[PDB]
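Note sheet for the following structure.
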Amino acid sequence: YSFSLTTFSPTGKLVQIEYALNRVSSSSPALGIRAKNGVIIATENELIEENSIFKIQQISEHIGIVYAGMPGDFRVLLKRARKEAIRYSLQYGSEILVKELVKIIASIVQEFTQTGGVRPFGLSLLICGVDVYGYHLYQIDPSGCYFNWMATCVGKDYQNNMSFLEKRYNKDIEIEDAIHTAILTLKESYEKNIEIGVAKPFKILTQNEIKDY
Amino acid sequence: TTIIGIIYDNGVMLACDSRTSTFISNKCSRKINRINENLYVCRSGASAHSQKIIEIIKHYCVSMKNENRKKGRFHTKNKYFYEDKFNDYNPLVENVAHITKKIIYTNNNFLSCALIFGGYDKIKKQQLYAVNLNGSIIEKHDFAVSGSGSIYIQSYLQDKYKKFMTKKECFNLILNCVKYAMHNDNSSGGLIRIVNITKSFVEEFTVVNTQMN
Amino acid sequence: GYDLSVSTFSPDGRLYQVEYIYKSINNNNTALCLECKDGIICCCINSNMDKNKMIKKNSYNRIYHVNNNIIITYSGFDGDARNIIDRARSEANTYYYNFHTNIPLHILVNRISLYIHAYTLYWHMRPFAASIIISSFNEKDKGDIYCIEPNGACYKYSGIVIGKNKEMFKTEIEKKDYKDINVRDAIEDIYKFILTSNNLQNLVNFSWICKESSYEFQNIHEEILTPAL
Amino acid sequence: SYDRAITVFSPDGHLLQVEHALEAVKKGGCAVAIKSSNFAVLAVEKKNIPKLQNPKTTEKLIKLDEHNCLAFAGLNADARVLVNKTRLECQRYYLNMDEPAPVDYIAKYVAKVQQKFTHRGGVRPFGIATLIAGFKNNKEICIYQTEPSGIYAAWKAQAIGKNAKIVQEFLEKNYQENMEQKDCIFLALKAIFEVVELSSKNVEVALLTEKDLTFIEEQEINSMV
Amino acid sequence: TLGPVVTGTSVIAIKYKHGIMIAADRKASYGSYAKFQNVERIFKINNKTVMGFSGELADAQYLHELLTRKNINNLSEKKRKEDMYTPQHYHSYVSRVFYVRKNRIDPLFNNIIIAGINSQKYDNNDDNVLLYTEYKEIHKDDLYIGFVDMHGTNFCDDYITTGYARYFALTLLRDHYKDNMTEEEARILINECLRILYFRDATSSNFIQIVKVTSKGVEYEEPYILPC
Amino acid sequence: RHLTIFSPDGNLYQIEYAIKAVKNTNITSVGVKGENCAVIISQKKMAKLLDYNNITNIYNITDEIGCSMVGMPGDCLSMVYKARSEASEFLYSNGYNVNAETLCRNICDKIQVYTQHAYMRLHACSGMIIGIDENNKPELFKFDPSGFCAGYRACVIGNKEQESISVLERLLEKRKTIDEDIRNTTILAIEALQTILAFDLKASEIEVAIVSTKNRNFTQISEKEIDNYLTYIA
Amino acid sequence: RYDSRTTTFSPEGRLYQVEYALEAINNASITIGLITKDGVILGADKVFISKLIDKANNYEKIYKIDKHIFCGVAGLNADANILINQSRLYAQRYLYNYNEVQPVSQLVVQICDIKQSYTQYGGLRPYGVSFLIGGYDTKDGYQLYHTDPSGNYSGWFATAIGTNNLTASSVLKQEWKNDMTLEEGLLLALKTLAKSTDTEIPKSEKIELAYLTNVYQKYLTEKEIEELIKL
Amino acid sequence: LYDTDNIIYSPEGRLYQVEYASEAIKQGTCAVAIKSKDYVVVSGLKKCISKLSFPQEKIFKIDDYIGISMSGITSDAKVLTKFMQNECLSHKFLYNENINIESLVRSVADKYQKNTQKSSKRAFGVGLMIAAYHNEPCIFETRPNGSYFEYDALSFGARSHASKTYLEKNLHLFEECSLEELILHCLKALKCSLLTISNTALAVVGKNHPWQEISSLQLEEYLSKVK
Amino acid sequence: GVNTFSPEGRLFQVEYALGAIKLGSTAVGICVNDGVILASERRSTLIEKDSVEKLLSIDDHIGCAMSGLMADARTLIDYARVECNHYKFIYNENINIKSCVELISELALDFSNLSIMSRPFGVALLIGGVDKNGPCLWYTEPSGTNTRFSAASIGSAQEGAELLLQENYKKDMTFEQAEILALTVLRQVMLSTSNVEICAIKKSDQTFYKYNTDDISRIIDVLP
């Protein structure tokens, strides 16, 4: 009973990838900005605890993750990314490079596009990180393609937010300026409903720090 | 080594020494392990085998206790009281002892441990079982002794035993038994740990004493 | 077109294959269990095979037992029920093998209900077409009776009926409380309910656990049933 | 479809997938085999875009072992994997018996493999038909033609591929027994040229002898009168 | 088991007028040390079948649990008393178990006796089998006493002694056993054999358990001390 | 909308249908955190001769951790056994007791593998889990058939979703010693269920389970306590 | 009924998934390859997603497989990367086996056999990517091989794949010669990439260009194309 | 739509594939089996497609005191026959006593049932008539849907209704009648189903009587006495 | 699916495979007391006639005539040859014809997976031989049913050959009478040596023997 659910259309399209792309397009917005001395990734009932619902997460000491799409798919992919980073660290004895982790996760995401009896992942990921080859921001789609970016946006209304950030973004920026631009873009797309993570080890900015910014 | 268990009126007292190994590697070792609040176990033989089967049996007892629960509403010493007043869901001593016997028998090609299970439950009242080297269980309705130092106190315990001993004289008997075994045996020494198990409460005594005559 | 598989919820949020299994079990032969003052009694009316006169007299016995002190009966397909009963016997044997003690009834009920439930998940397996009564009696605990539905549920009763005309048997037996009735005085009323809801002698199976069987599984003797008839 | 029946019987009684594999063979290029006293001649159509495609890379006439050669028609990747399997079995027989594999044995093996692929679960039939040529244990040369259906048969001369019926008729009305090498080569050329256009570059022809499978140079192919 | 540690000593079993009488002392020795002296060494398989062992105690307990599970498996698949398994069936099962274990070079370090009544005509005990709660004269051909060896060698006789009794009691039996023996004659003969074993065997004891497999089922007599 | 795969809209309708199945059972359960305790109150009814004491929705995964499942009963018991197996595996591998958060993470991963795979049916099961962590503070973690976990200060499973949030907000704002804290949390849970269901509740048809720092073990208060609290509220 | 039966013939003796994969590759970006007297030239087109990309280090078309073999991609990128990984694995496996660098044709045969295996065995979709694998070996020389989703490959002197490959092939037929220098080959590659997009002046911002010479692989930096554009 | 695969229950709650497998028995030839307190006799109609064809074997031995008749697909009958024979001989090798017919019929019914659950497999398209004398005579019926039944008398196959009516008429005679009378009764039932020395299969088993096909001559005077 | 029943209780794939065995050239098998004979028909001049062989020897003492899908037939005969030689190794004697036929029938229905192929074979076999019970001739079909026959025919012209076999066959026939009967039936349904191929297994030798051109011409000359 191992038969591929994702199948080529008569017009040469794997329409399940298009439908997962529509799903992540329907999800909450996410973005990332890369500065000369840093890289940030950010995202947008009164009873839910804010502590237990963090979309921004850490894979490694200098690698962070955020997503747009389904939460459970993100949790399993985060567990897999952490395991792959840990196995690289155990083998080569050093913290994993961003590009290798992105390639491994892209291959794993592409595998479910082809494996029989499964459907693709319904999310798009953003890796941020730092290594000896500088700062890195990488977007991974449901298709399994990894894109290297200077700055990017993912979720709802990502075309307008990309236009705004494109007119606002410069290569030579600071962490203060990058965080200000990220908050401006998020409030344009939209403090209590903002999450920011900066990468020196990867860090999560508390609500007090985000309020200060 | 010296591990002893003696039944007395409404209770059972287990007792052990602390010495481990010609060179004394350790001199404060808890040979009496708490499988459950109503059920303890004395260890003898190789320490690694004893620790591994005892923690496996703790895991099995947790599983049994979870499955024994019914649906709906019904109805320097240290002392503890049972959370289960009526023994609605605590596993029986015989069940734990027999699964331990099966564990030791199935892997008796290399396992070389001997155990004395002691406890209380509403069906059989207080209970003592002895699991031997090859994995043979015998219920000792009066007393069980094991370890290299137990051979020096067989006649002493056999002569001093009575059917319905009071708590005080049973405590004196078991304390003097372990003391004599420590006096005669090089492999046993250190402080004496005694565990008294009753219908409602468990007591855990620590004694420091030597032999003079 | 949402009912052609057990592994798919319809837009109403339900599994139609389970409801069709319920329909299959409901229009089948009748079974009942009842908890009396000092015993449990189990009865099974195999009236769907009344047209077949060639059958050997009193040989289609839907009542089975586990460990000589648990009754297990069913309504549904015979083979699937035998599969469930064999799994129950295997689980009891494994419990005694591990722990040297007879399995409690409710743990066996949970295990066999999980076994039934496991077939309702995958898309390549037929769910069980059988509803199982499993019951026991004790001197101190009195009678405990469990009905396991085909959907994996399991509910404790003080009396249960399944199969065809279950509403008639239920409303008839819900007239007298049997907790103050001896099990020997219940066979007459059960026969009366069978009349209300010639062939009565041979198309009926009976089983009992009380003092007179030393709290162990047994079939009621012909000499005990005949004066009650 | 890891283990599923792709090939099954139709209401009439046929296997539809085998017929579709036969259609795929009919799309394939034309190949021709002719026998002689102690040598064979295999000629197969070539289709190369001029000035861009490498002529040598496409290779429809293949050497299997010391004394067997193959010429297929159908799907090229299927042919490559089947030819690799055939070479592996040739060397396996020469390891397990210490004699070279005869042509009849290896033709039977290829036919058996195709039958197995038309019959096992989760497997597609081979969309290729082959013309194996080689030598027997008694030093006699022969040609075996094998279908996608798993049926094989020996032939004095045979044609496969697109417009195979016309070439078969031409071979029928022009074949003679024990003809010379020049006559055999010329007959193969004029037979395969009945359906493909008259040009030297649209064909590759080779002659199988006990020593080796020689390839005819393009100069010798040219000047065919 | 790689070899014996807590070992059980010999067992004696004979046929007599009303059924089977099987005797074993209640001692289990931990090497050369009487660690246990109240050990039940004869097991009740069912109402017309009992088992005894001589060898390692853990292996005997494992075999007893196996045969117990076989007994409840049989009882579950039972409709009439003739469906019950005789001592022949259990003897064949134990023989096959020992043979399969012998093929792997991993035996149960034991010598086993399976004994009982091999027919249902003498009583209706198994019409209503109860597990949790004058005699009739039975023909010798309807009784059964078996032997099974560590190598799987097995056989039957009117009287079987397993273990150290094979040299001591067996000789006496081969002089004194006779067909159609009363309960008293069988008892005094078995007591004499066990007295000789106690006087001339280190691992044996004088605390005996007798089990009778008779028309009214299996009967565990209260244990007693051999006088003198 | 048969397989658990994407529609042209992009949603997976099988999860929505499973959530509809959970809501169709008409079983209500309210979980409330406190200063040093957590309470779950559930309705205790099926999804004359029936034994009504046996009917329960709460369960004991461990002595410390407890839960309350709502949905299909077989799926509920299967999820209970999965939770117990997960906690047992954690205790075996790590030698210390799992907490509510990690157990909910693992259970939702187990739900997600069914969510992604076409050959697996989804469990029509929502569930609350409570316990005390190592810092001596309560936990209240809720999951649904979608495989999504979240911690709550208070939450409801049942029909009255995004309507009981209002009364829970009002009661928690109004409330905003260990014995007094436990008493107030239990009273708030009982009053919340009474206001949500909008009819007077008998003590013999509701089930209240409590975990706290005073008594680490998950336990259910007897019917006399519930009768006392119901008399106190009125 | 959920099985789509990807691995079955059609009534016309066709595999429909294979042709869908080919006409999907036809909608991908344009890729070009050719061989000169000194080295094998490959080049590609970049689908402009945004200027906010890190183009500095971005080669989403041409990839290195080994110091003697490299490839240019046309099709789905996620399907191409796994096959590139397999190609690298097989190259190092051959070097581990025979203590010798692999020939180009053997690696092409291995990856095309994997493609054929996906188009014949199981119930899985094919790989919808075509490769132009360039390389050097001592047995043959400079080689360029074109592949397909069907597992059918062919050797070429100069060819194109992707959108509007007919126009690129026409320009290559018109202009390509057997004896060409490296600079002439680069200029012809620029001309073909220009004519494919119907632009006389190519855009340096969206042209990837690389080559291999006897072994060393050069990936032209975004500044390096600008010297060739003016010439 | 509800009969495309064997795991789907109908809206009425029926397995259409298993019922089609049950329908497969009605195409087979008629077979009858009856018994007294001591003996069991099984009769069957051997199939002869043409006069050059030999008659098809209808009755098979399983053990010294167990034999069978089949109705349905012959390959399924061969599979089940080999299974029963191996089970009986395995019991006789492991143990020195005959297998219980109750356990053997339960095993065969479980084997029947195990094919009707997984989607890959299909239900057995054959009905089985097991005749034996374990310690008293007995006949068993086994159906595609995993169920089995005891029978005092039994018949099934093509045009089995007339023989069934004869059995319904004459059931009360079979207990006390002699073996000769029982053989004539079974042969008359098979005659009512519609008999020569070739197209009729006959077998007996009972007390101190292993499985035995009646000889050609003995069958000849038995058929003469039937006339 | 292949494992699915019709409402009439008949498997669809077996019913469809029965249509395949009709096609192919005609063959006849006749059994008499002295032995058994199988004659068969072969369907341009380029094909080597001896390469295609419609008669095969499963063993030294067994032969057959096959029809339907010929590649499946070759598979079945290879399996039967392996199993027959396995029997001869394990027991040191020849195998019964019924036992070999039952082995072939057991392999025929392996696709059902009742207790690995994936469809019926679509092959009809007419297997003749001589064993301790004398000569015999069995017939096997894709349905898995075996039938012992005194004489029978398979192939395209099955009905006409069967009618002539009913009309002309007698039990007490000499071997030459059976030979001329076989060639007469084949002459009616479709005669030089090129048309017909004959094999015989006799009680005297119990050995396969493929007829030569001289023998074929001889029995042609003996015919009217």
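First the proteins, then the strands, lettered A, B, ... as listed; each starts at 1.
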Is there a side chain to side chain donor-acceptor pair (under 3.5 Å) between C/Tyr155 and F/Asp51? Walk through the geometry before answering. CA-CA 8 Å; C/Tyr155 290 108; F/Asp51 182 17; over 6 Å; no
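- Taking the ring centroids of C/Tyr215 and E/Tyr132, they lie at or beyond the 6.0 Å cut-off.
- Checked for salt-bridge contact, B/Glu204 and B/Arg34 miss the test: no charged N lies under 4.0 Å from a carboxylate O.
- Judged by distance alone, the side chain of C/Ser90 and the main-chain N or O of C/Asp86 form no donor-acceptor pair under 3.5 Å.
- With rounding to the nearest 0.5 Å, the separation of CD1 in C/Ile107 from CD1 in C/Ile112 is 14.0 Å.
- At least one side-chain heavy atom of C/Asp144 sits less than 4.5 Å from a side-chain heavy atom of C/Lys156.
- Looking only at distances, no side-chain donor or acceptor of E/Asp106 sits under 3.5 Å from a matching main-chain atom of E/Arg101.
- F/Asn94 places no side-chain N or O within donor-acceptor distance of the main-chain N or O of F/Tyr96, the cut-off being under 3.5 Å.
- Across C/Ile84, C/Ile72, C/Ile116, a single residue satisfies side chain to side chain contact (heavy atoms under 4.5 Å, CB included) together with C/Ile148, and that is C/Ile116.
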Between C/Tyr74 and C/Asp80, is a side chain to side chain donor-acceptor pair (under 3.5 Å) present by the stated rule, with each step listed? CA-CA 10 Å; C/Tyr74 63 94; C/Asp80 297 12; over 6 Å; no
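- A donor-acceptor pair is defined here as one N or O able to donate and one able to accept, closer than 3.5 Å; no such pair exists between the side chain of C/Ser213 and the backbone of C/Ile209.
- Side-chain atoms of C/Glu216 come within 3.5 Å of backbone atoms of E/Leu131 as a donor-acceptor pair (strictly under, hydrogens ignored).
- Contact of the C/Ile103 side chain with the C/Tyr96 side chain is not registered, since no non-hydrogen atoms from C-beta on lie closer than 4.5 Å.
- Counting only heavy atoms from C-beta outward, the side chains of E/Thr7 and E/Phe109 never approach each other to under 4.5 Å.
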Run the side-chain contact (heavy atoms from CB on, under 4.5 Å) test on B/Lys65 and F/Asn60 for me, step by step, so that the C-alpha distance in whole Å, both residues' side-chain angles and the decisive distance to 0.1 Å come before the verdict. CA-CA 10 Å; B/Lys65 193 185 185 172; F/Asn60 264 283; over 6 Å; no
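- Salt bridge annotation for F/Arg84-B/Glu67: absent, with no cationic side-chain nitrogen under 4.0 angstrom from a carboxylate oxygen.
- In this structure, B/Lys101 does not pair ionically with E/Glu65, as no charged nitrogen and carboxylate oxygen lie closer than 4.0 Å.
- Among all heavy-atom pairs drawn from B/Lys71 and F/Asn53, the shortest one is O-OD1, 3.5 Å.
- Distance check: C/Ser136 OG to C/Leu108 CG gives 10.5 Å after rounding to the nearest 0.5 Å.
- In this structure, the separation between CD on B/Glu55 and OG on B/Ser50 is 12.0 Å, given to the nearest 0.5 Å.
- Between B/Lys31 and B/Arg193, the closest side-chain pair of non-hydrogen atoms is not below 4.5 Å.
- Cation-pi geometry between E/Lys70 and E/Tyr85 is not met: the NZ or CZ atom fails to fall both under 6.0 Å from the ring centre and inside 45° of the normal.
- With a 4.5 Å cut-off on side-chain heavy atoms, B/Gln51 and B/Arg43 count as touching.
- Taking a 6.0 Å sphere around NZ of B/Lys199, one finds it holds 12 or fewer heavy atoms contributed by other residues, nucleotides or ligands.
- Under a 3.5 Å cut-off, the side chain of E/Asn46 and the backbone N or O of E/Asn71 do not form any donor-acceptor pair.
- Between F/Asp75 and F/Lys82 no salt bridge is recorded (no basic side-chain N to carboxylate O distance below 4.0 Å).
- The aromatic rings of B/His98 and C/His100 sit parallel to each other, their planes meeting at less than 30°, with 60° as the upper class boundary.
- With respect to B/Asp88 and B/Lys70, no salt bridge is recorded, no charged nitrogen being found less than 4.0 Å from a carboxylate O.
- Annotation: the span from E/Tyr30 atom OH to B/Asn134 atom CG amounts to 10.0 Å, rounded to 0.5 Å.
- A distance of 4.5 Å separates CD1 of B/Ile3 from OG of B/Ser44, quoted to the nearest 0.5 Å.
- Residues C/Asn98 and B/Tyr60 bring no donor and acceptor atom of their side chains to less than 3.5 Å of each other.
- The aromatic rings of C/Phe217 and C/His65 lie parallel to each other, their planes meeting at an angle below 30°, with 60° marking the opposite boundary.
- Judged by distance alone, with hydrogens and angles left aside, the side-chain atoms of B/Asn108 form no donor-acceptor pair with the main-chain N or O of B/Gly135 at under 3.5 Å.
- The minimum heavy-atom distance between C/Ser207 and C/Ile63, with the atom names listed, is OG-CG2, 3.2 Å.
- In this structure, the side chains of B/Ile104 and B/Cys113 come closer than 4.5 Å at one or more pairs of heavy atoms.
- Taking 4.5 Å as the limit, every side-chain heavy atom of B/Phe81 sits out of range of all side-chain heavy atoms of B/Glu37.
- Pairing each heavy atom of B/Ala97 with each of B/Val131, the nearest pair is O-CG2, 4.3 Å.
- Taking the charged nitrogens against the carboxylate oxygens, F/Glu89 and F/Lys110 have no contact shorter than 4.0 Å, which rules out a salt bridge.
- Of the inter-residue distances, the one linking E/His89 atom NE2 with H/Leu94 atom CG reads 8.5 Å to the nearest 0.5 angstrom.
- Under the 6.0 Å cut-off for aromatic ring centres, B/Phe117 and B/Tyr129 do not qualify, their centroids lying 6.0 Å or more apart.
- With hydrogens and angles ignored, the 3.5 Å screen pairs no side-chain donor or acceptor of F/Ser88 with any backbone N or O of F/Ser85.
- Of the N and O atoms on the side chains of B/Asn87 and B/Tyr82, not one donor lies less than 3.5 Å from an acceptor on the other residue.
- Judged purely by distance below 3.5 Å, without hydrogens or angles, the side chains of B/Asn38 and B/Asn36 pair a donor atom with an acceptor atom.
- E/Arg41 contributes a side-chain N or O that, together with a main-chain N or O of E/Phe53, makes up a donor-acceptor pair within less than 3.5 Å.
- Side chains of F/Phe218 and F/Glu64 form no contact here, defined as non-hydrogen atoms less than 4.5 Å apart.
- Proximity of a side-chain donor or acceptor of E/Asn110 to a complementary backbone N or O of E/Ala60 within less than 3.5 Å is detected.
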